[PDB]
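piece number one of the complex, untouched:
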Amino acid sequence: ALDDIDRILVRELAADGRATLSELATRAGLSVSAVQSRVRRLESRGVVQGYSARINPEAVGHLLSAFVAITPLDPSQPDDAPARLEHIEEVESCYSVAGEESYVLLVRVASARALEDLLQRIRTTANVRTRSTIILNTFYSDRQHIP
């Protein structure tokens, strides 16, 4: 189940993470107390994982973003590249994929020259070849969809 009182709830919270427990209950058709409980059970079972403000990465000094596709060099070694790159803070996302490469990373960085640095560090730390695709512009990002 995902009871569809919760459908409207997660819908509302995806468009507005600061939407107040009060103003939810009006559009939501429940008691300020019922809503508040729902929202708490939704986090407990992992339906909402977190609340985040969406930061413009340019405004914070990240003028170059890229997908970096990686493939381990040695298949006789354990394939743990996500755990090995997890400490590198400019990797924002890491996915295993069915494609040409084993994983895809999304990475943000100060400039073209910093990307070269980061790639050398990704290569030597995980034990991977890199193939990168530079993002020129983000038209929209995390528009979460609740059916």
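Nice, I can see it. Numbering: from 1, shown residues only, chains lettered A, B, ... in the order given.

how close does the residue positioned nearest the centre of chain A sit to residue A:4?
Ranked by distance to the mean C-alpha position of chain A (C-alpha atoms, centre = their mean), the top residue is residue A:93 at 5.6 Å. According to C-beta to C-beta, to the nearest Å, residue A:93 and residue A:4 sit 30 Å apart. The C-beta positions use only the backbone N, C-alpha and C, and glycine is treated the same way.

before we move on, what about residue A:88?
Distance, residue A:88 to residue A:4, using C-beta to C-beta: 40 Å.

ok, now residue A:59?
The gap separating residue A:59 from residue A:4 is 37 Å, by C-beta to C-beta.

quick one on the thing from earlier: apart from its chain neighbours, what residue comes closest to the residue nearest to the centre of chain A?
In space, and not counting its chain neighbours, residue A:93 is closest to residue A:106: 4.4 Å by C-beta to C-beta, 6 or more residues apart in numbering.

Got the phi and psi for that neighbour?
Note on residue A:106: backbone dihedrals following degrees, to the nearest 10 are phi -110, psi 140.

So if we follow the domain assignment, how does chain A break up?
Domain assignment for chain A by curated CATH domains gives A:3-54, A:55-135.

hey, which of those is tucked in deepest?
Mean neighbours per residue, mean count of other C-beta atoms under 10 Å, is largest over the domains of chain A for domain A:55-135, with a mean of 15.

measure that one end to end?
Using C-alpha to C-alpha, to the nearest Å, the end-to-end distance of domain A:55-135 comes out at 17 Å.

do stretch A:82-102 as well
This stretch, stretch A:82-102, spans 11 Å end to end (C-alpha to C-alpha).

residues making contact with it?
Stretch A:82-102 is contacted from outside by A:69-72, A:79, A:81, A:103-109, A:118, A:121-122, A:125-126, A:131, using C-beta atoms under 8 Å, 6 or more residues apart in numbering.

Which strand or helix spans residue A:5?
Assigned by DSSP states H and E, residue A:5 belongs to helix A:4-15.

If I take the helix or strand just after that helix and helix A:4-15, what angle do their directions form?
Using DSSP H and E, the helix or strand that directly follows helix A:4-15 along the chain is helix A:21-28. Here the directions of helix A:21-28 and helix A:4-15 differ by 120 degrees (axes from the mean of the first three to the mean of the last three C-alpha atoms, to 10 degrees).

put chain B on too:
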Amino acid sequence: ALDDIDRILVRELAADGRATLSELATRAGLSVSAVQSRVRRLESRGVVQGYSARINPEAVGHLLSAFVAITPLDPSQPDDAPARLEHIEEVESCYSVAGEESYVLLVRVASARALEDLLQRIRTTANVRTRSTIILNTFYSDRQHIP
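Next up, chain B placed on what we already have:
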């Protein structure tokens, strides 16, 4: 233009977008009023683009996710694709990209058959060839970094 105080606020709001104004105040050593007003300045400039609950896409029924790279079947018609795809709700992100392809989308769907139907809708609404890379697992995503 971003001082040390704004850096703390954007960093905390990244870690927790429901942080109360009083909690932010006592972490930045300001009054609740000075916090509110600094947060509002951030919002009206580029810096904070909104606030979102992070929803588990598996729990709402998106069991398959994919990257889809797209390129114009005919590269004359000036480039429309992000605008025209904006009304497909299963597209969650859209980036233009350097290299052989012009945009990369991330898309979320219920199953393999729903992925085929969606790739058709994308080919036809943007007039585009598609190359799809199914995601097998997300190790971590959205982990925002304030330098």
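
Revisit the contacts of stretch A:82-102 given that chain B is now included?
Applying C-beta atoms under 8 Å, 6 or more residues apart in numbering or on different chains, the contact partners of stretch A:82-102 are A:69-72, A:79, A:81, A:103-109, A:118, A:121-122, A:125-126, A:131, B:67, B:133-145.

which one in chain A is furthest away from the centre?
The C-alpha centroid of chain A is most remote from residue A:31, which lies 32.4 Å away (C-alpha atoms, centre = their mean).

Can you name every helix or strand that the longest strand seen in chain A contacts?
Counting residues, the longest strand found in chain A (DSSP state E) is strand A:128-140. In terms of contacts (3 or more C-beta pairs under 8 Å, 6 or more residues apart in numbering or on different chains; DSSP states H and E), strand A:128-140 is packed against strand A:64-72, helix A:112-125, strand B:91-97, strand B:103-109.

try it again with 7 Å
Judged by 3 or more C-beta pairs under 7 Å, 6 or more residues apart in numbering or on different chains; DSSP states H and E, the packing partners of strand A:128-140 are strand A:64-72, helix A:112-125, strand B:91-97.

I'd like these as a markdown table, with distance to residue B:55 appended.
Formatted as a markdown table, the helices and strands packed on strand A:128-140 follow (distance: least, C-beta to C-beta, whole Å):
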| stretch | distance to residue B:55 |
| --- | --- |
| strand A:64-72 | 23 |
| helix A:112-125 | 29 |
| strand B:91-97 | 11 |
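
Quick one: closest of those to residue A:15.
strand B:91-97 (13.4 Å; C-beta to C-beta).

what angle do that closest one and strand B:64-72 make?
40 degrees.

Alpha carbons of strand B:91-97, as CSV, please.
Output of strand B:91-97 as CSV, limited to C-alpha atoms (Å, rounded to 0.1, in the frame of the first residue of the first chain):
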residue,chain,number,x,y,z
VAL,B,91,11.1,13.1,-17.3
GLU,B,92,12.8,14.2,-14.1
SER,B,93,15.9,16.1,-15.5
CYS,B,94,17.2,17.5,-18.7
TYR,B,95,20.7,18.6,-19.4
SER,B,96,22.4,19.7,-22.7
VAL,B,97,25.8,18.1,-23.1
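
Okay, now the sheet partners of it, with direction.
In the sheet, strand B:91-97 lines up against strand A:128-140 (antiparallel), strand B:103-109 (antiparallel) (DSSP bridges).

throw chain C onto that model:
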Amino acid sequence: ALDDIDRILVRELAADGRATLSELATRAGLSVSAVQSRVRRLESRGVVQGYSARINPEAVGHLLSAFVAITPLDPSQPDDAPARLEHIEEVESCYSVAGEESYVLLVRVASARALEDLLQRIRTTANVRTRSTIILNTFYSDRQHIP
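One more piece, chain C, placed on the ones above:
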């Protein structure tokens, strides 16, 4: 459910489609009557779809096999290429795929020159571009696996 009397049954029938209703029941641990009923319910619900002898295609005049990957040319038209190629007998399999192309076909043919013919016919009949990969040798084929 797939009751695992049926596991051994489908296992046995995948290795030997002519295995007799008799000799099954010994290895199968059931009455010749029980087995015979099982096997009949297995076909009714679509678990076994057919029985086929495996024909060597070289021995029958098919000296060249190929995967032919296809993508419709016009995405404003209905995408019905499987139904349109279904009458072409040298297409042995047709799959929709998540990749560079929309579908993959496996095709068998008398020679390199007949492949060129077949491709021109696939192109004009479905409305598709073709990309083909020639099979040099089949090491093994349909080794069906029952967990």
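
please look at the contacts of stretch A:82-102 again, because chain C has been put in.
A:69-72, A:103-109, A:118, A:121-122, A:125-126, A:131, B:133-145 (C-beta atoms under 7 Å, 6 or more residues apart in numbering or on different chains).

Close to chain C as well: tell me which of these qualify.
When contact is defined as C-beta under 7 Å from any C-beta of the partner chain, the contacts of stretch A:82-102 meet chain C at residue B:134.

List the residues that contact the closest residue to residue A:57 other than its chain neighbours.
Excluding its sequence neighbours, the residue lying closest to residue A:57 (C-beta to C-beta, 6 or more residues apart in numbering or on different chains) is residue A:108, at 5.1 Å. Counting by C-beta under 7 Å, 6+ apart, residue A:108 makes contact with A:57, A:62, A:65, A:90, A:92, B:145.

Which secondary structure state does the nearest residue to residue A:121 once chain neighbours are set aside sit in?
Leaving aside its sequence neighbours, residue A:121 sits nearest to residue A:88 (C-beta to C-beta, 6+ apart; 6.8 Å). Of the three states, residue A:88 takes coil according to DSSP: H, G, I helix; E, B strand; the rest coil.

returning to that earlier point: how far away is the residue farthest from the centre of chain A from residue A:109?
Taking C-beta to C-beta, one finds residue A:31 at 48 Å from residue A:109.

one step back: give me the distance from the helix holding residue A:5 to the chain's centre.
Relative to its parent chain, helix A:4-15 has a centroid offset of 19 Å by C-alpha atoms, centre = their mean, to the nearest Å.

Please see if that helix touches chain B.
Yes. Using C-beta under 7 Å from any C-beta, helix A:4-15 reaches chain B at A:10, A:13, A:14.

ok, the last one touching residue B:53?
Yes. Taking contacts as C-beta atoms under 7 Å, residue A:14 lies within contact range of residue B:53: 5.4 Å.

Chain B: which of the residues of helix A:4-15 next to chain B is nearest?
residue A:13 (3.6 Å; C-beta to the nearest C-beta).

now the residue lying closest to that closest one once chain neighbours are set aside, what's its secondary structure?
Closest residue to residue A:13 apart from its sequence neighbours, by C-beta to C-beta, 6+ apart: residue B:53 at 3.6 Å. Residue B:53 falls in the strand class when you classify it by three-state DSSP.
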